[PDB]
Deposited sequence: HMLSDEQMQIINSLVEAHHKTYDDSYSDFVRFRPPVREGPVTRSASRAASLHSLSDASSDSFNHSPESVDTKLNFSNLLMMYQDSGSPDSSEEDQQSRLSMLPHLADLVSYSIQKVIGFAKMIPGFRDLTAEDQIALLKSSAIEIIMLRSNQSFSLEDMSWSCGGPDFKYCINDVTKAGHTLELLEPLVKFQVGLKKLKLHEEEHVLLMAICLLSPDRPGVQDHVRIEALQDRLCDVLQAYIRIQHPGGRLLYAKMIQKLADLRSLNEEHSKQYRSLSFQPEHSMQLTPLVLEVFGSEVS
């Protein structure tokens, strides 16, 4: 077999959207509040994350099918998946040598050290860093990566989804494009799809873990005041 027009189209659509929402130069980082190497790295990281949410939203809008859902479902999907999509897209800048998120320069190289001073314990960072590596290893293709993100985001099983049938349809089409791609255009990728979907499962664990920690943070004004409106809104639990 081989990918069809509609399928290649979907890939081009996604990959191009990813490009249009992922600045490989990391030039925008200078605009965030300076990283300070007691939650010293919270302001910068809060800005980095808020920035990421913005890109995630723009990426979504460009997923064929996402645009036609009810704002309620788009929001439902966003709020629920945002954090994971961010952990996913963040791997594209994760290094194995120094085991960190290198983003342009040394002042934007986040080591396990820095990442701590952001208000998050290792109960989160540990599984996250493991996810980052297990994923890095898969040495995916831009299309398998861009697809995995789209799939993840179009998961109907998120608290809030109304039309968990149309959202179910879209994702299945996406799941295929991937499954197919890994088949036709991906040599030595016989056990990949499995591992990839498996990653979506790891993300859920990380999602849950972050939610608890974040909830703990948001209840402390001296900290919540350090966040951004966008972050407070998306990560906040307002039905």
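Asker: Going from the first residue of the deposited sequence to the last, where are the unmodelled runs?
Answerer: Since the structure holds only modelled residues, the stretches it omits are 38-97, 300.
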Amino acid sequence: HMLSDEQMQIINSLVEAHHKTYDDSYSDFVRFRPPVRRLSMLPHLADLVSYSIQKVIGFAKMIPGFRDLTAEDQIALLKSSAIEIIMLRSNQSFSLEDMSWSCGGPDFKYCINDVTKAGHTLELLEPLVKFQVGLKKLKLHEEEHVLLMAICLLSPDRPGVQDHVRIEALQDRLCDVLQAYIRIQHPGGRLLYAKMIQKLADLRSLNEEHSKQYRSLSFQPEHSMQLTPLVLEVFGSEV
From here on, numbers count along this sequence of modelled residues.
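Rigid core: the largest C-alpha set superposing within 1.5 Å between the two forms.
Asker: Give, as the answer, the stretch of 148-156 and 107-115 that departs more from the shown form in 6 other deposited structures of this protein; the measure is RMS Cα distance after a core fit.
Answerer: This comes out as 107-115, the stretch further from the shown form in 6 other deposited structures of this protein.
Asker: Core-aligned, which moves more in 6 other deposited structures of this protein: 98-106 or 71-79, by CA RMS?
Answerer: It is 98-106 whose C-alphas lie farther from the shown form in 6 other deposited structures of this protein.
Asker: Per the entry, where is the mean C-alpha temperature factor higher: 229-237 or 3-11?
Answerer: Between 229-237 and 3-11, it is 3-11.
Asker: Looking only at CA atoms, which has the higher mean B factor in the entry: 157-165 or 78-86?
Answerer: On average, C-alpha B-factors are higher across 157-165.
Asker: Between 191, 49, 30, 60, let me know which has the highest C-alpha B-factor in the entry?
Answerer: Answer, based on the entry's C-alpha B-factors: 191.
Asker: Splitting the chain's C-alpha B-factors into thirds, which one does residue 204 fall into?
Answerer: Residue 204: CA B-factor falls in the middle third of its chain.
Asker: For the chain shown, is the CA B-factor of residue 178 in the lowest, middle or highest third of its modelled residues?
Answerer: Ranked within chain, residue 178 CA B lands in the highest tercile.
Asker: Taking only the Cα B-factors deposited for this chain, tell me whether residue 40 sits in the lowest, middle or highest third.
Answerer: As the PDB entry reports it, the C-alpha B-factor of residue 40 lands in the middle third of its chain.
Asker: Going by the entry, which third of its chain does the Cα temperature factor of residue 148 land in?
Answerer: It belongs to the lowest third of the chain when residues are ordered by C-alpha B-factor.
Asker: Which third of the chain holds residue 102 when residues are ordered by C-alpha B factor: lowest, middle or highest?
Answerer: Answer is highest: the recorded C-alpha B-factor places it there.
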